[PDB]
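Working notes, structure below.
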Protein chains: 2
Amino acid sequence: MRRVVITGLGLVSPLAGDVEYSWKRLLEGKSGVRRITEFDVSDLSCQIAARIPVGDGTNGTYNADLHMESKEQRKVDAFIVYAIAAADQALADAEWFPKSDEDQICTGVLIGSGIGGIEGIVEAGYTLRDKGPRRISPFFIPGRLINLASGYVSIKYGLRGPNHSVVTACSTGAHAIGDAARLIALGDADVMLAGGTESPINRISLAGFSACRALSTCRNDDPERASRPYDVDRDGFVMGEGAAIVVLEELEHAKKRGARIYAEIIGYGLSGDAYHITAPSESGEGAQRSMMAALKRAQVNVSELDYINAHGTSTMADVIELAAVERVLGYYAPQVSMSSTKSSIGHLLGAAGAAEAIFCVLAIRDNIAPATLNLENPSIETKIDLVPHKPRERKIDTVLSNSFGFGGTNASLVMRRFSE
Amino acid sequence: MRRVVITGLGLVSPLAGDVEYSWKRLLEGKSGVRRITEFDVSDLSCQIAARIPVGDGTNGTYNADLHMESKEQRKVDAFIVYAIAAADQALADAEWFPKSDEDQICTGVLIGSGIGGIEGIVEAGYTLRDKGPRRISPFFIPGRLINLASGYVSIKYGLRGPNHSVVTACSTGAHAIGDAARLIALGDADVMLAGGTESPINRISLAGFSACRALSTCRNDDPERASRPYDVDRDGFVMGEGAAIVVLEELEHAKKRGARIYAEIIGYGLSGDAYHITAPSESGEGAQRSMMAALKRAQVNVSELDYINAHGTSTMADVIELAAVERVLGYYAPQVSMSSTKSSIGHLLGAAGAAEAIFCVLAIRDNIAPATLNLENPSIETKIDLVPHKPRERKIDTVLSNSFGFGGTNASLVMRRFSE
Ligand SMILES: [K+]
Ligand SMILES: [K+]
């Protein structure tokens, strides 16, 4: 297996339309969570979300028009646009714009989404009913298929390597990165764009998650306090939106061209709960196996771990994951920092695992553990540092990131500082 | 990398609710294509589809009730039910029902869909608009997520290994099998259920694919003749439905327990066109790269190839693939049989690549190449044997199968008779 490194980062998040402003604001303790004003939510029990700040592109805002022409945007659901934007960033960051046949052929794209084009499907359904089939757009299908994020990105940049997509709810972005890394390690590609995208902030999605009682409902008038992983007063997740893309690259390829390497991906672990369609396993056994698998692949002892980015969605399951991590770490619990950045940007669903992978990379770069916001009163005492309220500056060389998706689909990633 | 074999087959198709009856009718030259009677299609340009024969389970019919309780079926879109049924078959065929922790943990599931729960999303949309958010089902989300196929199957059978899912339109089922095989080869699992499922026969999907003029329209009065890959009079694909699942197993694990081995998976190739959102590369270069990649991985020379299962959807693109195959085969073109079974069962979308893999396996078992039905007047002459009208009995030890999906996502698989 060839070694795989990370050479570019792209992010459109509820904190900012780019990577560096997202990170800056994350570390400053800012929240992306607010009352929804874009559409009617007066009849919903959840009236808040973590939303991308829209604008002209200055001061960390996001301008869709800079990434895709207006008229083109109208042919696709937003998840595709977000993916294009994050990719634009990533490629630029990696300084990788393949032109030659050789370069284009060895560069692939693997972008997933949990839900994809749900909004567009509903709107087309209304057209069909109200206006009939002759009014359905020729672009209905492509603008709605999950794999068309990979497709659109591939077309824009002439990326002719493996073109692939995954869908695993909350663990989508993590699977994307792990799978893409394996394609490189196995020799199917030398460079991959990888990550996740989601645009679930719409009435149908909000009603849907409210219906299975998954969302926070008691803090519609105090949005910045709603997302509170580990806190005794948590009451469900806050839905977010965005896209997170990394450029993965074979080590010698990167070295040869003088690329700046952020970190190395060294471990990937997968498991299944086989328990329940939406509830996580009460035993945390699946989570534990995911982590152990990732660590074993990475040949990393828990004695070497510095920071864990939790799944930690602000649901009752928070403490199941906590207990599992305690079991994994054993004696080393007091020396590992673990936090949930969902406390700041909500739950990005399909993009979550990728955004968090990004945060992990930057934790290494800047030797700082992001905070768990709002952690006023932990449900249970633990020896693990959950980094309440404010980030912690500390040595971070080796990191583990967890993603535990609906359906009982678990993924864990291990990354480490690149020395050589 | 450990070797990976196929030890179980499961299939719910437009010819039959099981594998053996599907294969039997396929070889008899039967078509699963008929006028749609279940819902109104009078206002649609395409009024035909390849539909699963529903019944009490006898004489090759499909009874959903035997696979999932009625009350449970009402909570999910049909793609999930098909998957369950196919999985039920495959595990039975493999005689693999893990009960120990060890056996459960080493058995995973990787089932994809191209489109998933589109019908249910549209229906929930109508509810949302007409009755309001309060009336949305608590089961809306889980019953609609693509990955919940893997989820439901995992839960039913206590499969606690990697639980994963992919989405790549027409190449979904191929990616699933190739990806699942790699998980085994890499030690992440010892057994995997893998494949694809789709339930796209509904008004929204039909209107959608009609809108981008992907579907056959001129033979609504002669359905069994509509799907005619390579024929001068072809005019688009015929939408099908169903699920196809294989049990993949590490070689030594299979041998130790005395499992019957159908074939070995030895190659998997991936590429991207980077051309167009729905149309294939005019040059076929992507297709060509996918095939070559699979063959190289398999360490198979084209001189050893016996049978090719084409993507061949009955669209103008049929001859692009044909040309690409000719370039790959070169001098050996006359030695190889190639057919499209979409001529018989239509385009299963997410399930196509897995259904076709199954047909490959059986082509090996029975030394027989399925026909390309309806091939009266080929658009172009070729040295390749396109097996028109009736199947051809011949030596079949090494097989290649192609899947080329919307978005420019290509997959090829290479399988071979197992000797040792
Ligand atoms: K995480
Ligand atoms: K095929």
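In what follows, every chain begins at residue 1, and chains take the letters A, B, ... in the order their sequences are listed. Side chains included, hydrogens not; waters and symmetry mates left out as well; all remaining heavy atoms used. In each ligand, atom 1 is the first atom listed, and ligand 1 is the first ligand listed.
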- Task: Using distance alone, with no hydrogens and no angle criterion, decide if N147(A) and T409(B) have a side-chain donor and acceptor under 3.5 Å apart.
- Result: no

- Note on the structure: The angle formed at the K ion (ligand 1) by OD1 of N309(A) and OG of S401(A) is about (to 10 degrees) 90°

- Using a 4.5 Å cut-off on heavy atoms from C-beta on, say whether the side chain of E264(B) contacts that of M415(B). no

- Item | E356(A), N/O/S atom nearest the K ion (ligand 1) | OE1

- Task: State the CG-CG distance between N410(B) and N402(B), to the nearest 0.5 angstrom.
- Result: 8.5 Å

- Do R394(B) and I368(B) touch side chain to side chain, with heavy atoms closer than 4.5 Å? no

- Item | Backbone or side-chain N/O/S of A310(A) under 3.4 Å of the K ion (ligand 1) | yes

- Query: Taking 3.4 Å as the cut-off, does an N/O/S atom of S403(B) lie below it from the K ion (ligand 2)?
  - Reply: no

- the K ion (ligand 1) to nearest N/O/S of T341(A) less than 3.4 Å: no

- Test item: side-chain donor near acceptor, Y230(A) and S314(A), under 3.5 Å: no

